[PDB]
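S.K.: Supplied in structure tokens, the structure appears directly below.
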Amino acid sequence: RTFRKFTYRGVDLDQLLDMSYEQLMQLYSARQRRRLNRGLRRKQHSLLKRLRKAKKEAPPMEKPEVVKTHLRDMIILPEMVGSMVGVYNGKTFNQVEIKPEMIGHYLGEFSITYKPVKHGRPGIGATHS
RNA sequence: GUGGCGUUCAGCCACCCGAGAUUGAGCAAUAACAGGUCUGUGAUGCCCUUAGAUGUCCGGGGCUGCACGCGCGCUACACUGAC
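Here it is in structure tokens:
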């Protein structure tokens, strides 16, 4: 909290916003670079359009409206930061804050698909001889 | 084939010559099991369902989740070794 620098790969968020796709390919790691170099299809662009619209329609100095999606394989782009995304579990839409320091990840790893297990008592034949 | 045993039958043992003196499979009876499979089938009876479908397609998830118990395995514990 002492310093306010983001510095993703040595570059902070402003020139990391205005920089195009073809050099933040070089900025990312191998899997995200291959996803970006390969085609980024229609529904991903529709999600980005909805995120931009909900961002610019937000009144100043509060959070934008939550945007739901099934696309839990979207790369979290720098364009997406500070947004309000509901990511599907199969069952529910989970509220996720797109923080600046999650820009190399998928949306799927912020909405957990299962309930973590706490064990009951081993039932009957659970312990053999 | 030769020798020996055998009721001198059916055969067995040893040996010579030989590539070889018993290569490995496949197929495979009568009678059966409430064995498994309706999730192989445009094999199938009966029951259920049939539009807010248990038909079908699309999106996402699960089948892989982890205090524990069991089974088939893989890699090892090195100097008959590793590099």
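Every number in the entry's author numbering is 9 more than the matching position in the first sequence, counting from 1.
Virtual Cβ for every residue (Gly too), placed ideally from N, Cα, C.
Taking 8 Å as the cut-off, decide whether the C-beta atoms of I85 and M111 are in contact.
M.R.: Taking the first residue of the first sequence as 1, we reach residue 85 at position 76. Taking the first residue of the first sequence as 1, we reach residue 111 at position 102. Result yes, Cβ atoms of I85 and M111 sit closer than 8 Å.
S.K.: Check the DSSP bridge columns for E118 and list the partner residues they point to.
M.R.: Taking the first sequence and counting its residues from 1, one reaches residue 118 at position 109. Note: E118 sits in no beta bridge, so no partner.
S.K.: For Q32, count neighbouring C-beta atoms within 10 Å of its own C-beta (all shown protein chains included) and say buried if the count is 16 or more, exposed if not.
M.R.: On the first sequence, residue 32 is found 23 positions in, with the first residue counted as 1. Exposed, because fewer than 16 other Cβ atoms sit within 10 Å of the Cβ of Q32.
S.K.: Is it true that the CB of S120 sits closer than 8 Å to the CB of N103?
M.R.: Position 94 of the first sequence, counting from 1, holds the residue named residue 103. Position 111 of the first sequence, counting from 1, holds the residue named residue 120. Result yes, Cβ atoms of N103 and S120 sit closer than 8 Å.
S.K.: DSSP three-state call for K65: helix, strand or coil?
M.R.: Start at 1 with the first residue of the first sequence, and residue 65 comes out as number 56. Here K65 sits in helix by DSSP.
S.K.: Smallest Cα separation from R43: which of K52, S55, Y30?
M.R.: Translated into positions along the first sequence, residue 43 becomes position 34. For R43, the nearest C-alpha among the options comes from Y30.
S.K.: Helix, strand or coil, according to DSSP, for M70 in the structure here?
M.R.: The residue you call residue 70 lines up with position 61 of the first sequence. Reduced to three states, the DSSP call for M70 is coil.
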